[PDB]
>>> print(open('run_25.pdb').read())   # PDB, C-alpha atoms
ATOM      1  CA  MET A   1       0.000   0.000   0.000  1.00  0.00           C
ATOM      2  CA  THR A   2       1.367   3.398  -1.009  1.00  0.00           C
ATOM      3  CA  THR A   3       0.382   6.867   0.193  1.00  0.00           C
ATOM      4  CA  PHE A   4      -1.084   9.228  -2.383  1.00  0.00           C
ATOM      5  CA  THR A   5      -1.140  12.992  -1.964  1.00  0.00           C
ATOM      6  CA  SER A   6      -2.767  15.864  -3.838  1.00  0.00           C
ATOM      7  CA  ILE A   7      -3.354  19.603  -3.583  1.00  0.00           C
ATOM      8  CA  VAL A   8      -5.412  22.272  -5.340  1.00  0.00           C
ATOM      9  CA  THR A   9      -3.131  24.270  -7.626  1.00  0.00           C
ATOM     10  CA  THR A  10      -3.034  25.036 -11.335  1.00  0.00           C
ATOM     11  CA  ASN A  11       0.397  25.397 -12.901  1.00  0.00           C
ATOM     12  CA  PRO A  12       1.283  22.129 -14.694  1.00  0.00           C
ATOM     13  CA  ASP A  13       4.515  22.758 -16.592  1.00  0.00           C
ATOM     14  CA  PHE A  14       6.107  20.599 -19.283  1.00  0.00           C
ATOM     15  CA  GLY A  15       9.660  21.263 -18.109  1.00  0.00           C
ATOM     16  CA  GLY A  16       9.365  18.737 -15.281  1.00  0.00           C
ATOM     17  CA  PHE A  17       7.326  15.619 -14.595  1.00  0.00           C
ATOM     18  CA  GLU A  18       3.875  16.148 -13.098  1.00  0.00           C
ATOM     19  CA  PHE A  19       0.404  14.739 -13.744  1.00  0.00           C
ATOM     20  CA  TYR A  20      -2.757  16.784 -13.257  1.00  0.00           C
ATOM     21  CA  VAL A  21      -6.426  16.009 -13.846  1.00  0.00           C
ATOM     22  CA  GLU A  22      -8.192  18.595 -15.981  1.00  0.00           C
ATOM     23  CA  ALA A  23     -11.605  19.656 -14.713  1.00  0.00           C
ATOM     24  CA  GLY A  24     -14.063  17.078 -16.021  1.00  0.00           C
ATOM     25  CA  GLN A  25     -11.103  14.908 -17.037  1.00  0.00           C
ATOM     26  CA  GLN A  26     -10.994  11.275 -15.932  1.00  0.00           C
ATOM     27  CA  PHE A  27      -7.771  10.335 -14.162  1.00  0.00           C
ATOM     28  CA  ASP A  28      -5.922   7.561 -15.993  1.00  0.00           C
ATOM     29  CA  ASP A  29      -4.804   5.118 -13.307  1.00  0.00           C
ATOM     30  CA  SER A  30      -3.298   2.858 -15.967  1.00  0.00           C
ATOM     31  CA  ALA A  31      -0.844   5.553 -17.040  1.00  0.00           C
ATOM     32  CA  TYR A  32       0.323   6.014 -13.463  1.00  0.00           C
ATOM     33  CA  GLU A  33       1.301   2.352 -13.383  1.00  0.00           C
ATOM     34  CA  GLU A  34       3.477   2.863 -16.450  1.00  0.00           C
ATOM     35  CA  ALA A  35       4.332   6.414 -15.466  1.00  0.00           C
ATOM     36  CA  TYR A  36       5.254   5.539 -11.879  1.00  0.00           C
ATOM     37  CA  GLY A  37       5.700   1.782 -12.232  1.00  0.00           C
ATOM     38  CA  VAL A  38       3.284   1.269  -9.333  1.00  0.00           C
ATOM     39  CA  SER A  39      -0.215  -0.134  -8.833  1.00  0.00           C
ATOM     40  CA  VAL A  40      -2.884   2.547  -8.425  1.00  0.00           C
ATOM     41  CA  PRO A  41      -6.115   1.450  -6.658  1.00  0.00           C
ATOM     42  CA  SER A  42      -9.461   2.614  -8.050  1.00  0.00           C
ATOM     43  CA  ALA A  43     -10.461   3.915  -4.613  1.00  0.00           C
ATOM     44  CA  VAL A  44      -7.685   6.501  -4.735  1.00  0.00           C
ATOM     45  CA  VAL A  45      -8.391   7.348  -8.382  1.00  0.00           C
ATOM     46  CA  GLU A  46     -12.115   8.020  -7.903  1.00  0.00           C
ATOM     47  CA  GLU A  47     -11.335  10.635  -5.259  1.00  0.00           C
ATOM     48  CA  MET A  48      -9.050  12.425  -7.707  1.00  0.00           C
ATOM     49  CA  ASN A  49     -11.761  12.229 -10.357  1.00  0.00           C
ATOM     50  CA  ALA A  50     -14.301  13.647  -7.916  1.00  0.00           C
ATOM     51  CA  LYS A  51     -12.040  16.615  -7.232  1.00  0.00           C
ATOM     52  CA  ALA A  52     -11.784  17.334 -10.960  1.00  0.00           C
ATOM     53  CA  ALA A  53     -15.574  17.472 -11.155  1.00  0.00           C
ATOM     54  CA  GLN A  54     -15.578  20.276  -8.590  1.00  0.00           C
ATOM     55  CA  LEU A  55     -12.581  21.907 -10.279  1.00  0.00           C
ATOM     56  CA  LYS A  56     -13.335  25.074 -12.231  1.00  0.00           C
ATOM     57  CA  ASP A  57     -11.656  26.314 -15.407  1.00  0.00           C
ATOM     58  CA  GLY A  58      -8.094  27.529 -14.862  1.00  0.00           C
ATOM     59  CA  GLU A  59      -7.601  25.038 -12.028  1.00  0.00           C
ATOM     60  CA  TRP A  60      -5.729  21.739 -11.821  1.00  0.00           C
ATOM     61  CA  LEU A  61      -5.453  18.896  -9.317  1.00  0.00           C
ATOM     62  CA  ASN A  62      -2.100  17.428  -8.254  1.00  0.00           C
ATOM     63  CA  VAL A  63      -1.891  13.631  -8.203  1.00  0.00           C
ATOM     64  CA  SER A  64       1.105  11.769  -6.780  1.00  0.00           C
ATOM     65  CA  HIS A  65       2.074   8.751  -4.677  1.00  0.00           C
ATOM     66  CA  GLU A  66       4.595   7.886  -1.965  1.00  0.00           C
ATOM     67  CA  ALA A  67       6.080   4.534  -0.958  1.00  0.00           C
TER
END
>>> encode(input="run_25.pdb", output="structure tokens")
Amino acid sequence: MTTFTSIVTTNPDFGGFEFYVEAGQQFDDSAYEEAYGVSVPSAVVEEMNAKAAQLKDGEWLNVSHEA
């Protein structure tokens, strides 16, 4: 089991590596597995998706994981 963290901020750059869910955008848990090489549970993903639903234009959600 790994710990996932997120915050409400909107400044996703291309210079570094960061994944953000666009408002109304479904979070791709499959990509995280290949993008982080780790298993992402649907329970964690739905919460991120829910946040995106409440996210307004010009806003982005930060999705990440730890150990």
>>> resolve_selection(input="run_25.pdb", expression="the PyMOL selection byres ((chain A and resi 18) around 12)", output="compact mmCIF listing (two decimals) with C-alpha atoms, in the frame of the given file")
# COMPACT_ATOMS: atom_id res chain seq x y z
CA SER A 6 -2.77 15.86 -3.84
CA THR A 10 -3.03 25.04 -11.34
CA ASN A 11 0.40 25.40 -12.90
CA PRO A 12 1.28 22.13 -14.69
CA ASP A 13 4.51 22.76 -16.59
CA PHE A 14 6.11 20.60 -19.28
CA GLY A 15 9.66 21.26 -18.11
CA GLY A 16 9.36 18.74 -15.28
CA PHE A 17 7.33 15.62 -14.60
CA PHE A 19 0.40 14.74 -13.74
CA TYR A 20 -2.76 16.78 -13.26
CA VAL A 21 -6.43 16.01 -13.85
CA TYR A 32 0.32 6.01 -13.46
CA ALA A 35 4.33 6.41 -15.47
CA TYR A 36 5.25 5.54 -11.88
CA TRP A 60 -5.73 21.74 -11.82
CA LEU A 61 -5.45 18.90 -9.32
CA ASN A 62 -2.10 17.43 -8.25
CA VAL A 63 -1.89 13.63 -8.20
CA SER A 64 1.10 11.77 -6.78
CA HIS A 65 2.07 8.75 -4.68
>>> closest_residue(input="run_25.pdb", among="A:67, A:50, A:23, A:55", to="residue 5 in chain A", atoms="all atoms listed in the file")
A:67
>>> resolve_selection(input="run_25.pdb", expression="the PyMOL selection byres ((chain A and resi 53) around 12)", output="list in words")
residues 21, 22, 23, 24, 25, 26, 27, 46, 47, 48, 49, 50, 51, 52, 54, 55, 56, 57, 59, 60 and 61 of chain A
>>> axis_aligned_box(input="run_25.pdb", around="range 35-48 of chain A", padding_each_side="8 Å", output="lines of an AutoDock Vina configuration file")
center_x = -3.2
center_y = 6.1
center_z = -10.0
size_x = 33.8
size_y = 28.6
size_z = 26.9
>>> atom_distance(input="run_25.pdb", atom1="CA of residue 29 in chain A", atom2="CA of residue 45 in chain A")
6.5 Å
>>> atom_distance(input="run_25.pdb", atom1="CA of residue 42 in chain A", atom2="CA of residue 4 in chain A")
12.1 Å
>>> atom_distance(input="run_25.pdb", atom1="CA of residue 66 in chain A", atom2="CA of residue 2 in chain A")
5.6 Å
